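Chemist: For now just these chains, pulled out of the complex without moving them:
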Amino acid sequence: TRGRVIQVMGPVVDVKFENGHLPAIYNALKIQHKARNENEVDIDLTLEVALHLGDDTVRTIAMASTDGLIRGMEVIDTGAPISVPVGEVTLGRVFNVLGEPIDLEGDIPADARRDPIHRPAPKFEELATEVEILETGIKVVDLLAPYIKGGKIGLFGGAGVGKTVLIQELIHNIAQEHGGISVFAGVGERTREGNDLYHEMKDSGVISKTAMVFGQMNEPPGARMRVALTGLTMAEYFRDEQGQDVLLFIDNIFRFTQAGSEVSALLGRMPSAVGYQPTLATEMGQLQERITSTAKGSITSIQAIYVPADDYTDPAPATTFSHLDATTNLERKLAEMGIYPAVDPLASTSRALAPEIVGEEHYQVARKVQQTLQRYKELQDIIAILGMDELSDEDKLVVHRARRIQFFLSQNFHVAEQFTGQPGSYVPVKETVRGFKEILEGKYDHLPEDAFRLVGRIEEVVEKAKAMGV
Amino acid sequence: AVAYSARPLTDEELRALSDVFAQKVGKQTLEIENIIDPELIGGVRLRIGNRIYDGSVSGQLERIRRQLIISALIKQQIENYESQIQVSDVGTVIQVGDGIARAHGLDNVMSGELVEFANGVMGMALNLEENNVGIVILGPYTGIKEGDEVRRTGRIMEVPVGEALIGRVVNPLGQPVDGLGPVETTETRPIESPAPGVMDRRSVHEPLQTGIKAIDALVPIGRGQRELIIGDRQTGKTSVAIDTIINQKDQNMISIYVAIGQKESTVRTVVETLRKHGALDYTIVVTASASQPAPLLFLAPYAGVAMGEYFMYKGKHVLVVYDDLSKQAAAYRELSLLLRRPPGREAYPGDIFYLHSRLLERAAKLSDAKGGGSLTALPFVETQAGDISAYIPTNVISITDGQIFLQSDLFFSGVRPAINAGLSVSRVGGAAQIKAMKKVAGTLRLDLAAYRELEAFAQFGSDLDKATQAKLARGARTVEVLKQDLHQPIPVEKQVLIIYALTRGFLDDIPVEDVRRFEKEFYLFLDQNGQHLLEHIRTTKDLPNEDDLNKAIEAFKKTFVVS
């Protein structure tokens, strides 16, 4: 019926039950205690079962601080894993790991629908047999690093390159075109940046189509390693019930794995290489296999990854890099010169850039642009600098078209219209292929470079140069 | 002792059973306790130590309910009478967690046996202690709780084996995962079986044609060899494997593809790629994706090679591909650490070299007395930042018969495949080649070796006009010839003829930017007016007369218009 506390060693607790009444693994248990005198404090705690040790004892991990616990307290078995609310009631609100609102707009009614946090991955016979391309509406992404429905993308960048603007633009474009929602999960990051993102999303207006879950540095190891699953189960409902295409953003996947190690040794497990838990790839696989493209809808996830000390051979980045399909690199150099977004065109990679996926025309145009940019990068540095400038023919034209193509990858976003009068554009992929091909052929070689700046389709560029006096 | 009955038993019956079992076993005196649990229906099940005797309803009844799934015929012939007593050797779980379990009992269980849990999940006994058994669970473990019951099956680990597996997708236990219905086989083969002996073999002479010019010319592979493909991620090794698998359409081979620790979406797309090219008439796919329990990932390669050996020991030729041998090692390390076995370098167990050598030594070429079959193995190993000094990469390099190296620098620039001939070796050598390829490949090897030294100094011309820019031009022409595109493998006669044209100085006039189109149009030309050189190479295995070859290449060049 009810268990009692045996040991309290940090974030790990031991509970003893009656014979033949042990809870299953992954269940949730509750401690609710009121002080009986001045030598006691009130307790409201949730625990998750981890191991069966034998002799009617189980070892559990706490979801909050364990200060104030007493050997002999009474524990209640809930009967099921952690359950979070799902549906339209979670749109525009902020939750914690247990599925409780941390804003001040009220509580979800107890007569709602709640889904468990742990479930198996979709089976082989109900996956997508074809690779499909996701239409974002950006120009550099849709040309040099296309995204995939149900894929995983690694976003590389930090401060001063503006990745929150890219996040908001993706949310807005996907919601407007494909009618999808977004879920943001912050896993063990700074609280200041979470507040900043919440207020930016409130200002833009993309909050009403997003659900936010936060578990950050201040929280125990147990809460940091079970918060991505709450966002995942909030997102899966829309794919499996409304048949939508959803986006899932993860603030730091690395922290997830890190949190696991912080409890592994306390559970009584021998260490593996570099002091990591023996069950590392299994945990990462059980997480990342639940986001796929089934026959109804799809979940595509953008994940930000921090590499410790820029060491890419560390077990955690090495394990998580085998699940990624594309990478998107944001560079400060392009942000200084006024290219928005600051996506690096020569360092962004994708596995969808192949003639059998996008097409022959797309592939040829993209490869021509890439080699032109590489030629510019090689030539402009060792030559034309240090007083070795020269004006060879076919080198005037190469830099002419390269400069006219580098500035056409910039775009005007809808979320940036609050600081700038331009409404913003959504450019399909055929249009940008046509525009880049036309620029490559030299048809638009008789215009100044200022016309190719913060513009959508190629034709609009002409109108710009019409009003510039040229 | 303990008796479970629907209703409590009479004293006379209890005494009779006690006397009967005391006489049968040979014990001094038995104290029999009975229960009144109505879970059974007018029957009793008895437990002597860890032995269960079952003669109750929902016992033998289920024994005929589970069987026969004519119905009235069995109901009146064999289902009416109990199918004897259901005897089992049981145990009791005492610890559960992380995918393993420990139990009390199972006195006569073997090492490596298969046990069945109460709810229907399987497990494999791997640690026989003095008073408990360590069991690794081959499935979901959240339904297993302390106090459960385990039973022995009596069979060492084994997999289904037959010709019905061709064109199907299965998991390491031999169960379909493509949803096309059951697989109808009639044989089994133990997963752990010995390798053919020293005197049961024969030297490797026949070639394995892949269709990739760089491999077929510089790193040849023979039937019965074990070649390693090593490189970082984002280098395209699965494409090499898939092209090799596709090329075997009319070469009388059976292919097996094992995917360990990959994504299910990528496995699905790979199977769909295989189906489109009609490569599912001779291929078997075994899959253990990243969300599966660690024992399945550790057991998949052995299942693949066990299915291959059945064809091997009947005179056929097989080719087995292992998607990653590092994921299997990591899974085995996890299992070993969870079972409290002493660790080693990078926490790997002591027998981690044994685990891979015992598997890779089952690929052989059999002698004429044993049939003449063969089995070729192509394991994959993935490195981080191009570091081949690591424990597993050095372990697998020292077992195989040579390695193929793929670089990440060449992949990004656009060189497909990104093979490096400066670090790739094949110890079988030219014995796995045809006479024409032997006569043609040496000059190509020497030319590439010469060009690789001076490739980095092309920025500074004005070098020795005699033999520096000539070697640069020859090397660039060589590098352009070795490029290729996804799918579309090339026949060996065409490869021989184009490499002959390159090495004899027939390509200097053609500029570097037109070499690919030149070779494509040459292939088109040979299909019409070169219909006898190809047949001569196919039938004789030696390249045709030099004067005829020169005249044919001279005739083609007059038509090819150079831009």
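Modeler: Nice, thanks for sending it over. Residues are numbered from 1 along each chain as shown, chains lettered A, B, ... in the order given.
Chemist: Wait, residue B:109 touches residue B:151, no?
Modeler: No. Counting by CB atoms under 8 Å, residue B:109 sits too far from residue B:151 to count as a contact (10.1 Å). The C-beta positions use only the backbone N, C-alpha and C, and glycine is treated the same way.
Chemist: Stretch A:441-451: which residues count as buried?
Modeler: A:444, A:447, A:451 (16 or more other CB atoms under 10 Å in any protein chain shown).
Chemist: Just give me the closest of these to chain B.
Modeler: Chain B has its nearest neighbour among these in residue A:444, at 25.7 Å by CB to the nearest CB.
Chemist: For the closest one, give its distance to residue A:391.
Modeler: As judged by CB to CB, to the nearest Å, residue A:444 and residue A:391 stand 22 Å apart.
Chemist: hmm, back to that, looking at residue B:109 and residue B:151, which one has more neighbours?
Modeler: Legend: neighbour count by other CB atoms under 10 Å in any protein chain shown for residue B:109 and residue B:151, higher for residue B:109 (21 against 16).
Chemist: backbone phi and psi for that one, please?
Modeler: phi -90, psi 140 (degrees, to the nearest 10).
Chemist: Which residues are in contact with it?
Modeler: B:89, B:115, B:125, B:128, B:133, B:152 (CB atoms under 8 Å, 6 or more residues apart in numbering or on different chains).
Chemist: what are the bridge partners for residue B:134, then?
Modeler: Beta bridges link residue B:134 to residue B:102, residue B:127, judged by DSSP bridges.
Chemist: How many residues are close by it?
Modeler: Neighbours of residue B:134 (other CB under 10 Å): 21.
Chemist: which residues touch it?
Modeler: So residue B:134 contacts B:100, B:101, B:102, B:125, B:126, B:127, B:339 (CB under 8 Å, 6+ apart).
Chemist: Mark which of those residues are buried, thanks.
Modeler: B:100, B:101, B:102, B:125, B:126, B:339.
Chemist: Go ahead and confirm the last one touches residue B:127.
Modeler: Yes. Between residue B:339 and residue B:127 a contact is recorded at 5.6 Å, counting by CB under 8 Å.
Chemist: List the contacts of the closest residue to chain B within the stretch 301-450 of chain A.
Modeler: Going by CB to the nearest CB, chain B is nearest to residue A:313 of the stretch 301-450 of chain A, at 4.3 Å. Contacts for residue A:313 (CB under 8 Å, 6+ apart) come out as B:384, B:385, B:387.
Chemist: quick one: which of those residues is most hemmed in?
Modeler: residue B:384 (18 neighbours).
Chemist: let's put chain C on the structure above:
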Amino acid sequence: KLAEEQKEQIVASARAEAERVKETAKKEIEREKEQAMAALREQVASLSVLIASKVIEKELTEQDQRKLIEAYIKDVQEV
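Modeler: Next up, chain C placed on what we already have:
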């Protein structure tokens, strides 16, 4: 005539693929029929188990006790 020959080959390959698809659809129908037969048999078996349990419960146990004791004794003798 090379283009026309390739066109004819592609058309014949497409027709062969269509025939294979129709055969696979027939095989899917056969698999569904086998699954339906199995499901019907399993439902019949479950209903039979329930009916037999009810009938056995309704049946008297005076002779059933002696018969069960004799059968258990015979089982002990056998093993």
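Chemist: mind redoing the contacts of residue B:134 now chain C's in there?
Modeler: B:100, B:101, B:102, B:125, B:126, B:127, B:339.
Chemist: just residue B:71 next, same as before
Modeler: Residue B:71 neighbours (CB under 8 Å, 6+ apart): C:41, C:44.
Chemist: all helices of the stretch 1-150 of chain A, in order?
Modeler: Here the stretch 1-150 of chain A has its helices, by DSSP state H, counting those that start in this stretch, at A:139-144.
Chemist: who in it is up against chain B?
Modeler: Within the stretch 1-150 of chain A, the positions adjacent to chain B are A:20, A:22, A:24-26, A:50-54, A:56, A:118, A:120-125, A:127-131, A:150 by CB under 8 Å from any CB of the partner chain.
Chemist: Would you show me how to pick out the buried ones of these in PyMOL?
Modeler: Buried subset of the residues of the stretch 1-150 of chain A next to chain B, written as a PyMOL selection, criterion 16+ other CB under 10 Å:
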select buried, chain A and resi 22+24+25+50+51+52+53+56+118+121+122+124+127+128+131+150
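Chemist: Just the ones in strands from the residues of the stretch 1-150 of chain A next to chain B, please.
Modeler: Taking DSSP state E, the ones among these that sit in strands are A:50, A:51, A:52.
Chemist: Okay, the second one and residue A:221: tell me how far apart.
Modeler: Spelled out, that is residue A:51. In terms of CB to CB, residue A:51 sits 16 Å off from residue A:221.
Chemist: In TSV: the contacts of residue B:134, plus distance to residue A:293.
Modeler: Rendered in TSV, the data for the contacts of residue B:134 read as follows (distance: CB to CB, whole Å):
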residue	distance to residue A:293
B:100	34
B:101	35
B:102	40
B:125	40
B:126	37
B:127	41
B:339	37
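Chemist: Pretty sure residue B:19 sits in a strand.
Modeler: No. Read with DSSP: H, G, I helix; E, B strand; the rest coil, residue B:19 is helix and lies in no strand.
Chemist: which residues touch it?
Modeler: Contacts of residue B:19 by CB under 8 Å, 6+ apart: none found.
Chemist: Relative to chain A, how far out is it?
Modeler: Note on residue B:19: its distance to chain A, by CB to the nearest CB, to the nearest Å, is 32 Å.
Chemist: Residue C:10 too?
Modeler: 17 Å.
Chemist: The helix or strand containing that residue: how far from the chain's middle?
Modeler: Assigned by DSSP states H and E, residue C:10 falls within helix C:2-58. In this view, helix C:2-58 has its centroid 12 Å away from the chain centroid, taken as CA atoms, centre = their mean, to the nearest Å.
Chemist: just checking, what packs against it?
Modeler: helix B:60-66 (3 or more CB pairs under 8 Å, 6 or more residues apart in numbering or on different chains; DSSP states H and E).
Chemist: let's put chain D on the structure above:
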Amino acid sequence: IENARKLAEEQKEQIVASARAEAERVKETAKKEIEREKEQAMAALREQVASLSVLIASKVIXXXXXXXXXXXXXXXXX
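Modeler: One more chain to add, chain D, which I have set with the ones above:
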């Protein structure tokens, strides 16, 4: 040449789509007929299974009473 290849590709795609549509219609009709036959066989084989269940109980251990009791139990279960 290129035009001939494009026409061949269009014809092949159209033929494959037509065969797929025919297969889909056949599969839908087969599924409907299979559902009807499954319902009819469920009823008939349920009566037969009640009779055979009385028979199996007798074998493990008049006919009209047993059949009526089995039918009543089946109705209660359903």
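Chemist: quick recheck of what packs on helix C:2-58 now chain D is there?
Modeler: helix B:60-66, helix D:2-60, helix D:63-77.
Chemist: Out of those helices, which one sits most buried?
Modeler: helix B:60-66 (a mean of 17; mean count of other CB atoms under 10 Å in any protein chain shown).
Chemist: can I get the CA coordinates of that helix in PDB?
Modeler: Extracted in PDB, the C-alpha atoms of helix B:60-66 (Å, rounded to 0.1, in the frame of the first residue of the first chain):
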ATOM      1  CA  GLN B  60      -2.900 -28.600 -20.300                       C
ATOM      2  CA  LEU B  61      -6.100 -26.900 -21.500                       C
ATOM      3  CA  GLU B  62      -3.900 -24.000 -22.700                       C
ATOM      4  CA  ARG B  63      -1.500 -26.600 -23.900                       C
ATOM      5  CA  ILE B  64      -4.200 -27.500 -26.400                       C
ATOM      6  CA  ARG B  65      -5.500 -23.900 -26.700                       C
ATOM      7  CA  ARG B  66      -2.100 -22.700 -27.700                       C
END
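Chemist: what residues does the stretch 151-300 of chain B put near chain A?
Modeler: B:169, B:177-179, B:233-234, B:261, B:263-265, B:267-269, B:272, B:287, B:289-291, B:293-294.
Chemist: Is the biggest helix by length in chain A positioned near chain B?
Modeler: Secondary structure of chain A read by DSSP state H shows that its longest helix is helix A:360-382. Yes. Residues of helix A:360-382 are located near chain B by CB under 8 Å from any CB, namely residue A:367.
Chemist: hmm, back to that, relative to residue B:47, which of the helices and strands packed on helix C:2-58 is closest?
Modeler: helix B:60-66 (17.0 Å; CB to CB).
Chemist: Skipping adjacent residues, who's closest to residue 439 in space?
Modeler: Let's take chain A. residue A:405 (5.5 Å; CB to CB, 6 or more residues apart in numbering or on different chains).
Chemist: meant chain B actually
Modeler: Going by CB to CB, 6+ apart, residue B:439 has residue B:543 as its nearest residue, at 6.4 Å.
Chemist: I figured that neighbour hits residue B:500, correct?
Modeler: Yes. If you go by CB under 8 Å, residue B:543 and residue B:500 touch, sitting 6.7 Å apart.
Chemist: Quick check: residues of the stretch 201-350 of chain A near chain B?
Modeler: So the stretch 201-350 of chain A meets chain B at A:269-273, A:278-279, A:281-282, A:284-286, A:288-289, A:292-293, A:312-313, A:318, A:321-323, A:349 (CB under 8 Å from any CB).
Chemist: Got a quick PyMOL command for the buried subset of those residues?
Modeler: Entered in PyMOL, the line below selects the buried ones among those, by 16+ other CB under 10 Å:
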select buried, chain A and resi 269+270+272+273+278+279+281+282+284+285+286+288+289+292+293+318+321+322+323+349
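Chemist: Thanks a lot, see you next time.
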